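Chain by chain, the residues:
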Amino acid sequence: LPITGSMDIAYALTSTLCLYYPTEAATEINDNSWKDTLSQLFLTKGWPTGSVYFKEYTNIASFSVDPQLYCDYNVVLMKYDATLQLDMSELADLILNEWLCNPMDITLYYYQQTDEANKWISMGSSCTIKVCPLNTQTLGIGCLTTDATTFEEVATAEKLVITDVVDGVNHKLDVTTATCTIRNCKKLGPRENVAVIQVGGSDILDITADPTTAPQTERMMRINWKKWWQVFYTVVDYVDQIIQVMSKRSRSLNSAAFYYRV
Amino acid sequence: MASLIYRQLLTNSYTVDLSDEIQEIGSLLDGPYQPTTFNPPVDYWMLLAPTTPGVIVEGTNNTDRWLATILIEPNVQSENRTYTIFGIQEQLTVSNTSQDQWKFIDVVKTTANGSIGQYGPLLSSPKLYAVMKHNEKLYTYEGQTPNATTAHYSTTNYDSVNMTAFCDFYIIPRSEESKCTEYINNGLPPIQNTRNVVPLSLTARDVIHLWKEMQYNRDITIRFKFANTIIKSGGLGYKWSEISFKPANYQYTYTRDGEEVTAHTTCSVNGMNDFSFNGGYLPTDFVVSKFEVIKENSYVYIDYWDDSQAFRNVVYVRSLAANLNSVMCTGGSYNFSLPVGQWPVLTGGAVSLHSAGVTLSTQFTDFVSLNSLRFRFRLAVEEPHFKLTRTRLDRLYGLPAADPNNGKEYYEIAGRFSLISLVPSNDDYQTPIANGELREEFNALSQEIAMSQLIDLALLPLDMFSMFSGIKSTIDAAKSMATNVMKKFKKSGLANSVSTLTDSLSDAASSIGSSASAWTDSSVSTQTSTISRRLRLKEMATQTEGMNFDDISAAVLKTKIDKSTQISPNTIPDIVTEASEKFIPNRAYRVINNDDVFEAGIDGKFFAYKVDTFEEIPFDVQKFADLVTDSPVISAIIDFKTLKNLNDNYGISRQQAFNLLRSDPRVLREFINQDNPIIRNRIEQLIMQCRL
Amino acid sequence: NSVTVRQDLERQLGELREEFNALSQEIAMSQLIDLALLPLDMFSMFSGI
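Residues numbered from 1 in each chain as written, not as in the entry; some residues may be left out. Chains lettered and ligands numbered in written order. Part of a larger assembly, values for the part shown. Heavy atoms only, no water.

Observations concerning the overall build of chain A
Step number 1: Within chain A, the secondary structure is distributed over 6 helices and 11 strands.
Step number 2: Dimensions of chain A, computed from the C-alpha atoms along their principal axes, are close to 70 × 55 × 35 Å.
Step number 3: Of all 262 residues assigned to chain A, the portion counted as buried reaches 40%.
Step number 4: Summed over its atoms, the accessible surface of chain A is roughly 15,100 Å², and 55% of this surface lies on carbon and sulfur atoms.
Step number 5: Placing the 20 positive and 30 negative side-chain charges of chain A at their respective mean positions leaves the two points 4 Å apart. (Helix = DSSP H or I, 4+ residues; strand = E, 2+ residues; numbered from the N terminus. Buried < 20%, exposed > 50% of the residue type's maximum accessible area, 1.4 Å probe, protein only. Areas by Shrake-Rupley, 256 points an atom, 1.4 Å probe, with all protein chains shown as cover. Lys, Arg positive; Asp, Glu negative; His and termini not counted. Charge placed at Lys NZ, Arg CZ, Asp CG, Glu CD.)

As structure tokens, this is what we get:
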């Protein structure tokens, strides 16, 4: 709907905050009441008491299992390593973006792509995704329609895979439909309710499959560390900027999932 | 305008011939069956097709002669052979010059225990025998192929002849005689042409089989097999004749989330290749006549049947589609049996199957007729090699008809099929799960149609697409819907009229008008009526201005087709043919000449008037006949009676009257809007006449 | 008697739309009007096809 205002007239909380931390921080701090200390620090900062929830994840891969967050304002601390950058980028792109998915099945249907705003998402314990294209008359090229060995590998021993292939061609997929489920999702736009704080070194986190584009938005932040309490203090004492850099939900067709909005 | 639907109807009608040609190709053999005992009735033929050496067929009399048939393979010179004739062994001399065509010989005993001879020389490559019994004489095939005759004998007890065969035979009536020779002299007919594809138990009665749409989207797991037929030729096992593919049957069970579904499947192959491995001409050497292999130009069909809430609504199909997943089939080793030396072994051979079509099919197991789904499969050649060792046959691709089973007793195909069925729902409940008066109804329904919308529709021309795009159709019958209506229309009364007019016009290139022409050929009333009846055909000459009668006829036909529901797809051609002719017998036409107008009616009305003040004008037949030959003609929807009543009782202007004489749709519809009683009366009188 | 060669594919419909949109400049006006004047049919459509 149109908005009508003016440019010459002088024109000028009750939200939720979730902090996501690795369990290694909990192991290192060696305390049980530090949640109370953080709550009281937030209360001093100007947040209401009993209005902050903390969620813990065992591992990066484990947290990649249905990562749907349940806060209006979200900031997640992500571990740093140089041997798992792909999965970190996958998680960042799945969290920072909004997606609308559809159910799929591999043993009965064929699938294809037609727009670059649609990709394949498989989530679960482990997804051994294998795929090869077809021709118009449904004959395998570099593969046989029944042989599961000649199928090219695109994902092995992965807990969360975001795959994209050449559009406009039907494809056949093979995976064990008892350990991982696949869905067809489209990128509707930006998800402004979340932010990622990469606690570590240089950033390789790419939020797009297009090579020519390297979007470095203001919703991605990087910081070095040697003690977890330093990171926690920096996060708590600087809520204003990390909150004003984000906004509320812009979704036109909301999903069905749990939410924590006190 | 809307009359164009008529003009196209007779235009593309020629295409039916092409379809008719296809129809004659589709215009049917009963069989094959198990070798049993029966009494094939008179007026029926016996199309036998054995492949294995032995006693082929014998007709028992027990009082009249004995008839015996012996089949002899080629590559056997003058020697003596033993058979089992009527259960008693007998030796027969055989001498063969042909090398690739088998030969049949008839053996006749003058009584039950008479003398034995060999006659009836028959040579054929498909190895087909024809025997008939009709009109106090027995017919049997005699004469060299392809064209031959029938030997005739006359022996008592014709209708009681019961012939016990030992092969696969077809029973055909007399009318398909032209088929029979074409199916005897021209190789082995394809298996899909048969009625009872599977050679299982014989039946002499097999029959090939407001609403609501119902959608069934289920899943199938087809397990299917192949079948080989192997025969050994003459000699001492040193050479074989035929190793071919034959139809197979498989009944199994599986799970579909709880149900032990029983799936019955039958397989067939068509268009196979026959590689020839011709050995040496010496009598003792490994020679193979035909090696049947499957290649890219060959297909395999599977007929699938199983009880389910989906399969119990298949008799009427609205839409059908297949989304199968391809399955690979690989062959196994097939070792020959050569008594001396090392026997050859076949190895390799692998193909893949993909789905490229689906339709209905017939299948029987014991006495239960089924309405099965036939899935068509195209084939592709693959990587694995296929060779015949111990010989010079190498570097060939495909799959041999020797051992495609490869040990496995079933080939699995998993896929999903979606079909839409039509179910009689007299209301919006009580939907079934398992499976004349129309003239009066059509004539009675024709009193309530509106007029302005009728004129609007008559303004918009129709075509071959809009006529049937508003009526629901069954995909099986929608294939031949335009074809049938055009075939029936090319035999309509209008067709005869136009053909006669064309013939008379052409003959004229060798009365009541000024000279001789193809249109000038109470006496005044009768002559004018004949002229009007002939001029009615001008509506197919595209020489009209504005709207015409046939446009109104087409519009009312479309409206009453849409509203009606008691008409079957088999009934549309008759209604269209009758309506295109009988509609509106009271037609009127008027022509204009120098501010004068002459009008004539089929019923016998004739008038003349001026365009200024509508003064009555004496009638001149000569000038009417002179001008109507080549001049604009306009359908007289508004004839002189309505026009004069309007000019008297209503104050119209000159433009309105002049357009009315031209029957302009805009002013006529404006009058309709004004709801003038005279125009309403005229339109309603015209509409009421539209009935069969 | 060789294994069937893998059938070729088709240019992407998106690329087709891009190419057809880019081809706009290379069209004359009066000649196109006169061509539109000439009726066409199924035989006249695929003469170069």
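Some thoughts on the UniProt feature "binding site: Ca(2+) 1" (unreviewed entry) in chain A
All names here are of chain A.
Step number 1: The UniProt record marks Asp31, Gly142, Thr150 and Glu152 with the feature "binding site: Ca(2+) 1" (unreviewed entry), using the residue numbering of this structure. The greatest C-alpha distance among the residues just named is 57.0 Å, and with 122 residues of sequence between them they are spread in space as well.
Step number 2: Secondary-structure assignment places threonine 150 in the loop between β6 (130-133) and β7 (158-163).
Step number 3: Once you skip the residues sitting within four places of it in the chain, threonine 150 turns out to touch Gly142, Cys143 and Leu144.
Step number 4: A distance of 2.8 Å separates the side chain of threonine 150 from the backbone oxygen of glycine 142, its partner in a polar contact.
Step number 5: Assignment of secondary structure puts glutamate 152 in the loop between β6 and β7.
Step number 6: Beyond its immediate stretch of four places on either side in the chain, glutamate 152 contacts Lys130, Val131 and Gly142. (UniProt positions renumbered as here; feature names shortened; annotations may be inferred. Contact = heavy atoms within 4.5 Å. Polar contact = N/O pair within 3.5 Å; in protein donor to acceptor, adjacent residues only side chain to side chain.)

Side note on the state of the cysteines
Step number 1: The full count for this structure, using the stated rule, is 4 disulfides over all chains.
Step number 2: The partner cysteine of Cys101(A) in its disulfide is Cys185(A), sulfur to sulfur 2.0 Å. Between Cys101(A) and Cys185(A), the disulfide has an S-S torsion of 100° and is therefore right-handed. Note that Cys101(A) is positioned in strand β4 (residues 97-103) and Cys185(A) in strand β9 (residues 180-190), a separation of 84 residues in sequence.
Step number 3: Since its relative accessible area comes to 0%, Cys185(A) is described here as buried.
Step number 4: Along chain A, the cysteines engaged in disulfide bonds are linked according to the scheme 1-2, 3-8, 4-7, 5-6 when indexed in sequence order.
Step number 5: Its sulfur unpaired, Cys329(B) is 9.5 Å from the next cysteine sulfur, which belongs to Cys267(B). (Disulfide = S-S within 2.5 Å.)

Focus on the environment of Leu100(A)
Residue and element names in this part refer to chain A.
Step number 1: You can see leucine 100 is positioned in strand β4.
Step number 2: Using a relative accessible area of 39% as the deciding quantity, one classes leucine 100 as partly exposed.
Step number 3: Between the alpha carbons of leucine 100 and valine 75 there is a distance of 22 Å; along the sequence they are 25 residues apart.
Step number 4: Setting aside residues no more than four positions away along its own chain, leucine 100 makes contact with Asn184, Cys185, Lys186, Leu188 and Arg251.

Focus: the interface of chain A and chain C
Step number 1: Taken together, the 9 residues of chain A in the interface contact 6 residues of chain C.
Step number 2: Carbon and sulfur atoms supply 57% of the area that chain A and chain C bury against each other, a total of about 600 Å² over both sides.
Step number 3: On the chain A side of the contact with chain C, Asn135(A), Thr136(A) and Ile141(A) bury the most area, a combined 46% of that side's loss.
Step number 4: Taken together, chain A and chain C are joined by 2 residue pairs in polar contact.
Step number 5: Here the side of chain A that touches chain C is composed, by residue class, of 4 nonpolar, 4 polar and 1 charged. (Buried area = accessible area lost by both parts, 1.4 Å probe. Nonpolar A, V, L, I, M, F, W, Y, C, P; charged D, E, K, R; others polar.)

Quick word on the side chain of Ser553(B)
Residues and elements named next belong to chain B.
Step number 1: One can find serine 553 in helix α10 (residues 549-563).
Step number 2: In terms of polar contacts, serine 553 uses its side chain to reach the side chain of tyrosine 6, at 3.1 Å.
Step number 3: With sequence-adjacent residues up to four places away left out, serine 553 is seen in contact with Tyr6 and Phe583.

What to know about the pairing of strand β30 (residues 411-423) of chain B
All names here are of chain B.
Step number 1: Examined bridge by bridge, strand β13 (residues 212-224) and β30 share 13 bridges and lie antiparallel to one another. Across the sheet, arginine 223 pairs through a bridge with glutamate 412, a residue of β30.
Step number 2: As judged from the 5 bridges shared by strand β21 (residues 317-322) and β30, these two strands associate in the antiparallel manner. Note that in β30 the partner of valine 317 across the bridge is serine 421. (Pairing = 2+ DSSP bridges.)

Quick word on the interface of chain B and chain A
Step number 1: Each partner contributes residues to the interface: chain B has 11 residues there, and chain A has 9 residues.
Step number 2: Together, the buried faces of chain B and chain A total about 870 Å²; carbon and sulfur atoms form 53% of this surface.
Step number 3: Taken together, the links from chain B to chain A amount to 0 salt bridges.
Step number 4: Along the contact surface separating chain B from chain A lie 3 residue pairs in polar contact.
Step number 5: Mapped by element, the contributors of at least two residues to the side of chain B that touches chain A are β22 (327-330) and β25 (350-364) of chain B.
Step number 6: Classifying every residue of the side of chain B that touches chain A by side-chain character gives 4 nonpolar, 5 polar and 2 charged. (Salt bridge = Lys/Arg side-chain N within 4 Å of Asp/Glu carboxyl O.)

Description of the pairing of strand β6 (residues 102-109) of chain B
Residues and elements named next belong to chain B.
Step number 1: Burial runs high along β6: 6 of the 8 residues are buried.
Step number 2: Where strand β3 (residues 66-72) meets β6, 7 bridges bridge the pair, whose relative direction is antiparallel. Across the sheet, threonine 69 pairs through a bridge with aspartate 106, a residue of β6.

A few points about the sheet that holds β21(B)
All names here are of chain B.
Step number 1: Spatially, β13-β30-β21 is the arrangement adopted by the 3 strands of the open sheet, whose pairing is antiparallel. At either margin of the open sheet sits one strand with a lone partner, and together these are β13 and β21. In this sheet, adjacent strand axes meet at a mean angle of 20° when their direction is disregarded. (Axes fitted to C-alpha atoms, helices over the stretch in contact; angles between N-to-C directions.)

A few points about unusual backbone geometry
All names here are of chain B.
Step number 1: The omega torsion across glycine 31 and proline 32 is 0°, close enough to zero to call that bond cis.
Step number 2: Take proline 32: it is sitting in the loop between α2 (15-26) and β1 (45-49).
Step number 3: The residue after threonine 145, namely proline 146, is reached through a cis peptide bond having omega 0°.
Step number 4: One non-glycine residue, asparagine 135, adopts positive backbone phi at about 55°.
Step number 5: Positionally, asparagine 135 belongs in the loop between β8 (129-133) and β9 (138-142).
Step number 6: Look at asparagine 135 and you get exposed, because its relative accessible area is 56%.
Step number 7: Backbone geometry places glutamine 430, a non-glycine residue, at a positive phi of 55°.
Step number 8: Accessibility expressed as a relative area gives 55% for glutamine 430, which makes it exposed.

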